[PDB]
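Chemist: Quick one: structure below, then a few questions.
Laboratory data are not the source of any read-out in this text; all were calculated from the coordinates shown. Virtual Cβ from ideal backbone geometry, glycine too; neighbours counted across all protein chains shown.
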Amino acid sequence: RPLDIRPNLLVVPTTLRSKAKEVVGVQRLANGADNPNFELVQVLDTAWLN
Amino acid sequence: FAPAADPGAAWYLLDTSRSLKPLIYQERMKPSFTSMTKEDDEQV
Amino acid sequence: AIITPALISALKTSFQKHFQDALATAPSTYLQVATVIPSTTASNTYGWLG
Amino acid sequence: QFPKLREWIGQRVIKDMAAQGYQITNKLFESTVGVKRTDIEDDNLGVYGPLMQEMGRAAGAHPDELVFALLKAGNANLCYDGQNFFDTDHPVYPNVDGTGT
Amino acid sequence: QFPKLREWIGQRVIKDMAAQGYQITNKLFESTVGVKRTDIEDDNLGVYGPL
Amino acid sequence: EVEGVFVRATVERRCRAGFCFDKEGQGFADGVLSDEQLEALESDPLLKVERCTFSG
Amino acid sequence: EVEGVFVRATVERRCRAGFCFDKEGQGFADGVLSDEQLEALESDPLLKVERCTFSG
């Protein structure tokens, strides 16, 4: 059976903050093609790791 | 670099913490330790 | 100090029943794709004349 | 056990106390009879009626044989220290002693 | 978790369930700063005391 | 000793060569070894269960 | 790492031959061997005791 996993938290250090925002937040990913992962996982920034 | 994908709405939260005891404050003021009579006028 | 804290592990350790039943099934889906047909027999049969 | 009160003249002496453990396992016991139903249904005064009294007496006596069989198994079984409950080389203390010969 | 509800033909299998008990100890943390008693009063700008 | 055999002339699920069968009465209840595989072998007493310890 | 050390020139009861006299030996708070002898040897200190990180 499935675990009903619903990924909704993305944690990344400050170095990946902008690129995580691009993954989640903009309709186009990095070339004007598309972004399937827009508003699927909300990212919270942090610096305690790395 | 340092990624992690986690659920938030589940009955469990990943990397759960444990606040076993509060942020108790430990002090060395005056006639409570020997650092201040049989020693310099030090406080920690 | 204490001679053997090795054996006193059983008494010290506590229980946190937070991982118990910390899961659930996937959300119900047959409603959208399937319709309920209540019945009380052993082998229900459907008939249509075209 | 807390150490004796030794002589305090120069300085107080700190002591380690001690620590030992003893794990045990539980057991079950049979109390079955399995008697024909007609006897109980057709029961009269004297037979199959005090059977509950027999059950109660056996249950009350159970700890006796339990403890006595355990003691009979003293050599076979062991104590918290690990060695047999009745051995000649108990490593309880540096001055090894034997509780049986 | 329970085993999946299987089909019924002639008899029922009395399944079982596993357990994954997890053990983790506790650690102790501290941070302390040594200061001179006289210095905390010997100040006028209200600093070295809030530290 | 043996905690339990649960044989009743029936195993839970003895699966070999890609096929799962029911025979040979190989039911055990202990964590001596192969507990992960003991879950697969056990956990399916379709028929009645009779426990007669062999005191092994 | 081993937690447990006594490095204040502190006194502990170590028994050499028929008597127990001041000396610093094991001096650790963890034990895996010689527990019965360590108890006599590891009597907590008489004087000031301070611990360090040998990490041996």
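Chemist: Of (1) more than 30 Å from residue F:3 (Cβ to Cβ); (2) surrounded by 10 or more Cβ atoms within 10 Å (Cβ to Cβ); (3) more than 14 Å from chain G (Cβ to nearest Cβ); (4) not hydroxyl-bearing (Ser, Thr, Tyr), residue D:84 satisfies all except one. Which?
Modeler: (1)
Chemist: Pull up the range G:15-56, narrow it to residues that are under 13 Å from the mean Cα position of the chain (by Cα) and of a type in the set (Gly, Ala, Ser), then point me to the one that is farthest from the other protein chains (Cβ to nearest Cβ).
Modeler: Among those residues, the one meeting the criterion is G:25.
Chemist: A further question on this structure: So how many residues does the range G:23-53 have that are among the hydroxyl-bearing types (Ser, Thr, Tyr) and either surrounded by fewer than 18 Cβ atoms within 10 Å (Cβ to Cβ) or over 21 Å from residue D:10 (Cβ atoms) (or both)? Steps first, please.
Modeler: Just the residues of the range G:23-53 that are among the hydroxyl-bearing types (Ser, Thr, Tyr), to begin with: G:34, G:43, G:53.
Add one more test, that the residue is either surrounded by fewer than 18 Cβ atoms within 10 Å (Cβ to Cβ) or over 21 Å from residue D:10 (Cβ atoms) (or both), and what stays is G:34, G:53.
Within the range G:23-53, residues that are among the hydroxyl-bearing types (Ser, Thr, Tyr) and either surrounded by fewer than 18 Cβ atoms within 10 Å (Cβ to Cβ) or over 21 Å from residue D:10 (Cβ atoms) (or both) number 2.
Chemist: Considering only residues of the range E:19-48 that are more than 11 Å from chain B (Cβ to nearest Cβ) and surrounded by 10 or more Cβ atoms within 10 Å (Cβ to Cβ), which is nearest to the chain's Cα centre (by Cα)?
Modeler: Filtering the range E:19-48 for residues that are more than 11 Å from chain B (Cβ to nearest Cβ) and surrounded by 10 or more Cβ atoms within 10 Å (Cβ to Cβ), the one nearest to the chain's Cα centre (by Cα) comes out as E:48.
Chemist: As an exercise: evaluate residue G:29 against (1) farther than 21 Å from residue C:8 by Cβ; (2) assigned to a loop (DSSP other than H, G, I, E, B) and give the number of the one condition it does not meet.
Modeler: In the conditions (1) farther than 21 Å from residue C:8 by Cβ; (2) assigned to a loop (DSSP other than H, G, I, E, B), residue G:29 misses (1) alone.
Chemist: Related question: Scan the range E:5-16 and report the pairs whose first residue is surrounded by 10 or more Cβ atoms within 10 Å (Cβ to Cβ) and whose second residue is among the polar types (S, T, N, Q), with Cβ atoms within less than 8 Å and a gap of 6+ or a chain change.
Modeler: Sorted first by the residue in the range E:5-16, then by its partner, the pairs are E:13/F:43; E:15/F:43; E:16/F:43.
Chemist: Further question on the same structure: Going through the range B:1-31 one residue at a time, which ones are surrounded by 10 or more Cβ atoms within 10 Å (Cβ to Cβ), in a loop (DSSP other than H, G, I, E, B) and of a type in the set (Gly, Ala, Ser)?
Modeler: Result: B:2, B:4, B:8, B:10.
Chemist: Right, another one. Exactly one condition in (1) more than 10 Å from every other protein chain (Cβ to nearest Cβ); (2) among the hydrophobic types (A, V, I, L, M, F, W, C); (3) surrounded by 10 or more Cβ atoms within 10 Å (Cβ to Cβ) is not met by residue C:48; state its number.
Modeler: (3)
Chemist: When you scan the range A:1-35, how many residues do you find that are within 7 Å of another protein chain (Cβ to nearest Cβ) and outside any strand (DSSP E or B)? Break it down stepwise before answering.
Modeler: Of the range A:1-35, the ones within 7 Å of another protein chain (Cβ to nearest Cβ) are A:1-13, A:15-16.
Right, trim to outside any strand (DSSP E or B) and you get A:1-8, A:13, A:15-16.
Total satisfying the criteria: 11.
Chemist: Quick one: would you say residue D:9 is within 14 Å of chain G (Cβ to nearest Cβ) and either polar (S, T, N, Q) or over 30 Å from residue D:82 (Cα atoms) (or both)?
Modeler: On the way: within 14 Å of chain G (Cβ to nearest Cβ): yes; either polar (S, T, N, Q) or over 30 Å from residue D:82 (Cα atoms) (or both): yes.
It is true that residue D:9 is within 14 Å of chain G (Cβ to nearest Cβ) and either polar (S, T, N, Q) or over 30 Å from residue D:82 (Cα atoms) (or both).
Chemist: Give the range B:32-44 a look and list any residue that's in a helix (DSSP H, G or I) and either within 14 Å of chain A (Cβ to nearest Cβ) or polar (S, T, N, Q) (or both), or say none. If you could, list the steps in order and put the result at the bottom.
Modeler: Step one: list which residues in the range B:32-44 are in a helix (DSSP H, G or I), which gives B:34-36.
Of everything in the range B:32-44, those that are in a helix (DSSP H, G or I) and either within 14 Å of chain A (Cβ to nearest Cβ) or polar (S, T, N, Q) (or both) turn out to be B:34, B:35.
Chemist: Give just the number: which of (1) under 30 Å from residue C:3 (Cα atoms); (2) exposed (fewer than 10 other Cβ atoms within 10 Å of the Cβ); (3) of a type outside the set (A, V, I, L, M) does residue D:60 not satisfy?
Modeler: The number of the failed condition is (1).
Chemist: Please go through the range C:9-37 and pick out each residue that is more than 26 Å from residue A:1 (Cα to Cα), within 13 Å of chain B (Cβ to nearest Cβ) and not hydroxyl-bearing (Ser, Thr, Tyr).
Modeler: C:12
Chemist: Same structure again: Between a first residue in the range B:3-27 that is among the charged types (D, E, K, R) and a second residue that is assigned to a strand (DSSP E or B), which pairs have beta carbons less than 8 Å apart while being 6 or more apart in sequence or on different chains?
Modeler: Final answer for the pair search is B:6/A:9; B:6/A:10; B:6/A:11; B:15/B:6; B:27/B:43.
Chemist: From the list F:35, F:44, F:22, exactly one residue is among the acidic types (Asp, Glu) and without any contact (Cβ under 8 Å) to a residue 12 or more places away in the chain. Which is it? I'd like the intermediate steps shown before the answer.
Modeler: Details: F:44 fails: without any contact (Cβ under 8 Å) to a residue 12 or more places away in the chain; F:22 fails: without any contact (Cβ under 8 Å) to a residue 12 or more places away in the chain.
Among F:35, F:44, F:22, only F:35 is among the acidic types (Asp, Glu) and without any contact (Cβ under 8 Å) to a residue 12 or more places away in the chain.
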